[PDB]
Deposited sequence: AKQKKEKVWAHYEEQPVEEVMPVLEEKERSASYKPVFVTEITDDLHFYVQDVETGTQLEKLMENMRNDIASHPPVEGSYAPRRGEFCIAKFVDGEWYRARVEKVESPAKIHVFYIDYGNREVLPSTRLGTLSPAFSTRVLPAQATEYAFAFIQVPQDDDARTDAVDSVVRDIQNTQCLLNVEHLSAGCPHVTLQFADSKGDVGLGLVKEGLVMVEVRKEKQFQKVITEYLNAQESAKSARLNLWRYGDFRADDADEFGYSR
């Protein structure tokens, strides 16, 4: 059962943040109400671990968490509803009012990784894979299915909204990533399909397999 999500950020480690489309309206409303409240209560003592508001590069305020105070000019924040990080001065920080807390609406961005694929260890190969995914899915609406948990973030399959093509499988087909085998019996059909695409990618001498195997 695939659910619609909006992909916000792709990380250099081939993880990615998504927002649930079903709650997009609620996020929009919260932001509208938060900003109306900020406009009347113009910007707090930033400290590590604390929630705040932070003024992004579009000139708008968003919900954030303080991760590191490097100096008064360099406060490291994480935008809880989008997943991007930013270093900013104190002039771009404010109090997050209780009316807009994560109890009122949960953090809207969730970190995921692709199921059944290995993130390339070679730096340039990993860049090629990241770059593909950025071009194809960053800031677009996709379909998502949670496959399995891990000692880390959950792993998922994504589908393109239009073609319904499996995104991670696309990477394997292109020879941009290798397959990550799992033992669960319910994953055997999909893993066999991924291994089949990988072998075909190897025979076509694409990307990772350009010079053979």
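Stretches with no C-alpha atoms in the model, relative to the deposited sequence starting at 1: Going by the record, the segments left unmodelled (no C-alpha atoms) fall at 1 to 31, 75 to 78, 249 to 261.
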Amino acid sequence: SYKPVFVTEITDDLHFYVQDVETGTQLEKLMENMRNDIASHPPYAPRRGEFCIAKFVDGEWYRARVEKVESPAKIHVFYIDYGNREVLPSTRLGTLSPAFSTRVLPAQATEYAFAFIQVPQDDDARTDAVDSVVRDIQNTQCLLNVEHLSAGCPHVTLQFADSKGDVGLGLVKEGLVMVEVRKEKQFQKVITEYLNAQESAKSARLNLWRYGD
From here on, numbers count along this sequence of modelled residues.
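Stretch exceeding the other in mean C-alpha B-factor - 69 to 77, 109 to 117: Stretch with the greater average CA B-factor: 69 to 77.
Mean C-alpha B-factor comparison - 98 to 106 and 127 to 135, higher one: Taking the mean C-alpha B-factor of 127 to 135 and of 98 to 106, the larger value falls to 98 to 106.
Among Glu32, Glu147, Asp166, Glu60 - the residue whose C-alpha B-factor is largest in the record: Top of the list by C-alpha B-factor: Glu32.
Criterion, highest CA B-factor; candidates, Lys173, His41, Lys55, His155: In the PDB entry, the greatest C-alpha B-factor among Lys173, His41, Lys55, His155 is found at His41.
Third of the chain's Cα B-factor distribution that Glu22 belongs to, per the entry: Highest third, going by the recorded CA B-factors of the chain.
Relative C-alpha B-factor of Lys202, binned into the chain's lowest, middle or highest third: CA B-factor rank for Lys202: lowest third.
Modelled-residue ranking by C-alpha temperature factor, third containing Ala64: Middle third - that is where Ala64 ends up once the chain's C-alpha B-factors are sorted.
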